[PDB]
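Undergrad:
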Amino acid sequence: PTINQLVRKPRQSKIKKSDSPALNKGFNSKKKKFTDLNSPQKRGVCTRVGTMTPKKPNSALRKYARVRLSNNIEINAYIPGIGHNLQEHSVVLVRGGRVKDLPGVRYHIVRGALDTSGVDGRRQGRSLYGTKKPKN
Amino acid sequence: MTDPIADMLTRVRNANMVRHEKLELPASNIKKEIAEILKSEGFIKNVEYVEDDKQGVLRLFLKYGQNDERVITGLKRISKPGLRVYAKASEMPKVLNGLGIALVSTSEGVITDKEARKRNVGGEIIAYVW
RNA sequence: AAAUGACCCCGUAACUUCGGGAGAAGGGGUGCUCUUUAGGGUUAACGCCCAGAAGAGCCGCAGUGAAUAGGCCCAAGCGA
RNA sequence: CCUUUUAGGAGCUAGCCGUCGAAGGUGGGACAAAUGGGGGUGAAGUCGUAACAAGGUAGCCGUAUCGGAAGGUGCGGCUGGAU
RNA sequence: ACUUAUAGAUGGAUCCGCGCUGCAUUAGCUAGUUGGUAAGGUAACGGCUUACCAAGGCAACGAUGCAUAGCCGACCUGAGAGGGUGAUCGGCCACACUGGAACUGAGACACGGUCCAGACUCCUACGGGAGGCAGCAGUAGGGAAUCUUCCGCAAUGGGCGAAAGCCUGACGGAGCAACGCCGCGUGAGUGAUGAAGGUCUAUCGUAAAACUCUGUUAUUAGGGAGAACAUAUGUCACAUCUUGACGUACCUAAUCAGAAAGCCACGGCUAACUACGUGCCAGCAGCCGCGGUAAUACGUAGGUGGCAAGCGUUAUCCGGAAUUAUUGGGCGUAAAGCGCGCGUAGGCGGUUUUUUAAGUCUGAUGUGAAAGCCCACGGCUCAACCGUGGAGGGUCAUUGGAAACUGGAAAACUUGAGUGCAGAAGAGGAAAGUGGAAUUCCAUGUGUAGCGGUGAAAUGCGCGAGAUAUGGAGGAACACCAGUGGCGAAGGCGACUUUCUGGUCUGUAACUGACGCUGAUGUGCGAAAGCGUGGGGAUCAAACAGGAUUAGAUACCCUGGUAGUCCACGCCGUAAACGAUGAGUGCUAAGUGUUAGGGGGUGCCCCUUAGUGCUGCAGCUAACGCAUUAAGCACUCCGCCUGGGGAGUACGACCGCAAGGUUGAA
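Protein chains in written order, with the entry's author numbering: chain 3, 2 to 137; chain F, 3 to 132.
Written as structure tokens, this is what we have:
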């Protein structure tokens with residue numbers, strides 16, 4: 002803890018990397034290179050539906066979504082809830098980041114969000130997987 | 003031996019750890035100032051000055067009080083060749099809300115922590131001896 | 001078969017057994033009159049021998065105006 | 001407001017010798033970017049038999065040599081070796 | 001109302017200064033590097049092109065390259081240092097299709113100029129036109145949202161004008177996006193527990209009704225909030241017979257009853273209430289965390305904690321994050337200490353007086369403005385929109401007196417030193433091998449049934465090896481003085497016939513009167529093997545030839561077997577350099593084992609001027625250990641470290657005979 006060589010030679014900070022690096026980004030075609038944006042809002046347009054089986058910690062069954070973002074790369078999602086949207090090819094409002102217990106996926110759906118409304122079997126949630134005009 | 007008082011300073015508290023005194027130490031012209039201005043408060047058995055040339059010899063003879071307990075509980079210098087920190091005589095800090103004392107050289111003779119506050123004089127204000 | 005080719009000045013890659021590759025590749029300059037000073041040792045100094053930059057001008061379609069002088073680059077196979 | 005006003009010996013803008021000539025134009029690899037096997041990892045039919053205590057040929061490190069992890073040899077600091 | 005000797009001024013600035021970021025995968029330095037010397041010229045000195053000559057000017061200190069490239073009143077904000085983004089808000093500057101551009105200006109290469117090269121939707125008897133909203137719109141759009149072509153000078157006059165007058169597209173008039181948040185308004189006097197009961201089976205039920213209260217939303221109405229404009233009016237102080245698109249606001253206004261969408265998880269933390277659906281079928285889940293037959297989580301259902309213009313989410317730095325350490329950083333141990341003999345620059349860099357009179361002590365001064373400052377307040381239906389500035393504008397217009405000192409820097413002190421040193425140690429090192437473990441070889445003094453072999457045997461030397469040694473020199477090591485002893489910085493290390501060699505220093509210090517500390521320049525150099533001579537076998541050890549195995553072997557086992565095993569020459573470096581200990585200043589019980597060698601000494605008692613290893617007082621660190629002979633407390637440098645991987649894999653820069661290094665985002 003000696004200060005001579007401290008202006009001769011400095012120190013570092015910690016070492017951390019931020020969250021969702023292949024997110025918060027809008028891929029170019031005119032100038033071909035991405036934008037570092039951290040946008041509030043964004044879209045999702047669909048390529049498949051997707052589902053993998055081996056689930057230990059829950060040990061029930063539920064699928065997810067394989068939705069591609071701009072212009073030739075693998076981007077993957079998951080539908081956290083009791084609502085099955087047996088759909089695809091949508092145009093939505095993204096939710097950024099991952100919910101607990103799925104590795105590598107960081108992209109999601111807001112309730113409603115211009116494509117569908119949601120799993121309409123919900124009426125008590127009034128704020129989960131599709132819930133609009135709910136008597137409070 | 004480049005600081006002629008350096009370790010000798012805390013050697014008060016690193017000699018009186020269990021309140022002990024067998025440590026003779028070497029001198030200065032401020033080892034005619036380090037141990038001579040707190041006898042102003044009855045702090046030493048005897049350091050009257052150094053009685054030799056070439057910055058010689060001195061009995062440290064550190065007075066211990068009536069509660070048996072560390073006259074100097076702890077102590078650091080914060081002023082050494084290699085650590086030069088110079089402040090003004092105004093906000094000379096509050097040395098444990100004023101519980102300690104300072105004995106140091108000034109820009110107008112020699113003072114203490116009883117002078118900087120009421121004379122606006124001093125340079126490298128040194129330590130907090132208690 | 002054609003093309004490149006002499007001399008002078010720029011500039012020169014990957015690779016390597018550090019010798020090379022290499023004249024790598026790429027460019028640019030030369031006619032004639034007149035000046036200037038740039039030479040030398042052959043010398044008693046231009047007689048004698050030339051050759052060195054910087055400027056002025058004159059002419060043609062073309063100025064080593066004829067003859068004689070390496071075509072380059074990238075990638076495989078085989079044998080030093 | 002050049003003053004043989006045409007004009008001219010000079011001489012001013014326009015022709016003629018030129019003067020550098022930025023930029024574009026092409027000239028080379030560095031650069032390039034969606035793209036055009038290493039690994040990184042998957043998600044389990046599969047595989048060796050153990051390291052943890054003289055644990056099942058004791059437990060490890062670099063290295064003449066190892067090598068589907070595990071698994072075994074010479075040699076350097078070794079014990080983090082028990083009797 | 002003209003032109004000039006002249007002015008106060010305008011953007012600026014001719015320019016000075018600190019303002020003026022990162023990339024070490026970029027030091028042997030650009031030929032102008034050092035600066036003097038030009039006819040020249042910009043309101044402007046002058047390598048600015050040129051004018052004359054010598055570079056080592058550089059120099060391991062960032063020459064230079066070099067990647068975003070505005071700054072600065074703003075905003076979230078700290079306790080404070082300020083610390084960052086500087087977008088509404090820009091006061092200053094880079095910038096108007098493009099390369100220019102002969103031009104020019106009360107201010108130049110000029111956003112609807114002036115020409116000529118380009119590729120654009122294009123207009124043209126194809127004179128050939130030259131235009132692009134980094135200036136309001138709107139079109140195909142890309143679109144989380146990403147706006148009114150509503151109006152036209154009236155809030156300021158630039159310019160033209162002796163003047164009456166303009167253009168506003170400078171500035172204005174706004175669908176307003178519930179974007180900011182507020183001004184507050186959509187129910188009242190309420191009500192006996194009050195029902196026909198919705199999780200639970202008394203709960204939100206003081207639910208309800210049907211009675212009354214406020215204007216404030218809504219039927220109208222008159223709606224004139226500010227404010228002073230102007231040659232001739234009579235003689236830059238200045239002015240009348242000259243200022244209502246929004247010009248209707250404050251709209252009390254009688255006022256009916258003109259509802260304030262709906263809240264999340266629904267337990268406990270992030271603050272939440274219980275359950276039928278649910279039998280692991282769907283499935284709960286801000287780090288913690290839940291359904292398999294009582295989800296005090298889930299589907300759904302009446303709400304308590306926060307709420308009414310508000311519900312879950314979107315992601316940016318702030319104190320919080322003390323996971324920057326300017327305030328607030330580890331060393332043996334997370335995630336961390338030197339191969340060290342070596343060691344440039346310099347961070348640090350003896351004692352005392354010091355010549356210094358710079359600076360700090362701090363300060364006379366200058367006291368040069370701020371709208372607002374460490375504050376508060378006044379105009380305002382309080383909130384959108386303005387203001388007194390006492391805090392002097394932050395060494396700014398003057399340099400100081402305290403020598404106590406980093407500072408133009410004269411010395412002295414010496415015991416702290418190094419060569420003198422008795423020399424003296426120990427495996428500090430270089431010493432041939434006279435002699436000896438003399439080796440598996442074999443006629444052999446001697447011979448044949450064994451030298452010998454084993455978890456399990458073949459391996460293996462006998463159709464003329466043997467047993468140990470009679471010649472037995474040799475390939476070689478001191479085998480025995482050999483100890484943990486101790487030279488030396490770690491790797492080490494063994495008779496000497498000894499060929500040589502330093503320091504180390506044990507006692508005080510003779511000389512000189514600071515005789516300087518970590519040490520990235522350099523140099524570097526450091527374990528068998530990997531490395532260099534051919535020797536290369538004493539022949540063991542790798543491979544293994546080979547047997548053998550409980551159910552399970554090319555094997556640690558086993559005779560023998562080709563690098564190496566017997567090395568005087570090129571350079572090195574990975575190891576548990578597991579020594580995981582980095583080095584200046586002493587240290588609060590000293591004894592103790594004692595070391596060749598010794599301060600007082602003389603198979604008798606010893607102290608460090610000493611040295612080691614310590615049981616361990618004493619006190620700290622962090623659970624532990626150090627300890628008169630200290631990780632503890634005080635001045636130190638190369639520095640690293642600041643939760644884990646993966647990560648040294650794209651890729652990579654420079655050393656280099658070789659293992660190879662030594663770099664480096666994701």
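C-beta atoms are modelled at their ideal positions from N, C-alpha and C, and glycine is treated no differently.
(1) Given this structure, state the Cα-to-Cα distance separating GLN42 (chain 3) from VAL93 (chain 3), to the nearest angstrom.
(2) Mind checking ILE46 (chain F): buried by the 16 CB within 10 Å criterion, or exposed?
(3) Does the count of Cβ pairs from the stretch 46-62 of chain 3 and the stretch 30-37 of chain 3 closer than 8 Å reach three?
(4) Pick from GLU117 (chain F), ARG72 (chain F), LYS65 (chain F) and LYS82 (chain F): whose alpha carbon is nearest that of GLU93 (chain F)?
(5) Can you list the alpha helix (DSSP H) stretches of 4 or more residues lying completely in the stretch 58-109 of chain 3, in chain order?
(6) Under three-state DSSP, which class holds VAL8 (chain 3)?
(7) So, is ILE110 (chain 3) buried or exposed, given that buried needs 16 or more other C-beta atoms within 10 angstroms?
(8) Using only CA atoms, which one of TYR108 (chain 3), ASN73 (chain 3) and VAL100 (chain 3) lies nearest to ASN25 (chain 3)?
(9) Here's the rule I'm using: 16 or more other beta-carbon atoms within 10 Å means buried, otherwise exposed. How should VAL73 (chain F) be labelled?
(10) Going straight from the alpha carbon of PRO83 (chain F) to that of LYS17 (chain 3), what length do you get?
(11) Leaving out the 5 sequence neighbours to the left and right, which residues in its chain are closer than 7 Å to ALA89 (chain F) when beta-carbon positions are compared?
(12) Does the stretch 75-88 of chain 3 touch the stretch 115-122 of chain 3, meaning 3 or more C-beta pairs lie closer than 8 Å?
(13) Could you say which of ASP9 (chain F), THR75 (chain F) and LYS65 (chain F) lies nearest to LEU27 (chain F) if we only look at CA atoms?
(14) Put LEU105 (chain F) into one of helix, strand or coil per three-state DSSP.
(15) In this structure, does DSSP put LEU60 (chain F) in helix, strand or coil?
(16) Quick check on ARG121 (chain F): does DSSP put it in helix, strand or coil?
(17) Determine the closest residue to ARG69 (chain 3) out of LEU62 (chain 3), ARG63 (chain 3), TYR79 (chain 3) and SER60 (chain 3), with distance taken between C-alpha atoms.
(18) Suppose contacts are defined by Cβ-Cβ distances below 8 Å. Is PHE63 (chain F) in contact with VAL52 (chain F) by that definition?
(19) Per DSSP, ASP37 (chain 3) forms a beta bridge with which residues?
(20) Assuming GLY45 (chain 3) contacts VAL95 (chain 3) under a Cβ cut-off of 8 Å, what Cβ separation, rounded to an integer in Å, is found between them?
(21) Taking all protein chains shown into account, decide if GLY124 (chain F) is buried (16 or more other Cβ within 10 angstroms of its Cβ) or exposed.
(22) Work out the CA separation of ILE103 (chain F) and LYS96 (chain F) for me, nearest whole Å.
(23) Report the partner residues of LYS82 (chain F) according to the DSSP bridge assignment.
(24) Here's a check: name, in chain order, each residue in its chain whose Cβ is nearer than 8 Å to the Cβ of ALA29 (chain F), leaving out the five neighbours to either side.
(25) Beta-carbon within less than 8 Å of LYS34 (chain F)'s beta-carbon, same chain only, minus the 5 sequence neighbours each way: which residues are those?
(26) So the beta strand (DSSP E) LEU11 (chain F) belongs to, where does it begin and stop?
TA: Once the coordinates are examined:
(1) Between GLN42 (chain 3) and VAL93 (chain 3), the C-alpha separation is close to 10 Å.
(2) buried
(3) At 8 Å Cβ cutoff, the stretches do not touch.
(4) The residue with the shortest Cα to Cα distance from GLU93 (chain F) is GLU117 (chain F).
(5) none
(6) helix
(7) buried
(8) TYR108 (chain 3)
(9) buried
(10) If I take the Cα positions, the gap works out to 39 Å.
(11) Cβ within range, chain order: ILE127.
(12) yes
(13) Comparing C-alpha distances from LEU27 (chain F) to each of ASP9 (chain F), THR75 (chain F) and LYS65 (chain F) shows the shortest one belongs to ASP9 (chain F).
(14) strand
(15) Shown here, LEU60 (chain F) sits in a strand according to DSSP, grouped into three states.
(16) coil
(17) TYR79 (chain 3)
(18) With contacts defined by Cβ atoms closer than 8 Å, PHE63 (chain F) and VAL52 (chain F) do not form a contacting pair.
(19) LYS26 (chain 3)
(20) 6 Å
(21) buried
(22) 10 Å
(23) DSSP output for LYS82 (chain F) lists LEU85 (chain F) as bridge partner(s).
(24) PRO6, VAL52, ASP54, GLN57, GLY58, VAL59 and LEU60
(25) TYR51 and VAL52
(26) Taken as a continuous stretch (DSSP letters only), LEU11 (chain F) belongs to no beta strand (DSSP E), being part of the alpha helix (DSSP H) at 8-12.
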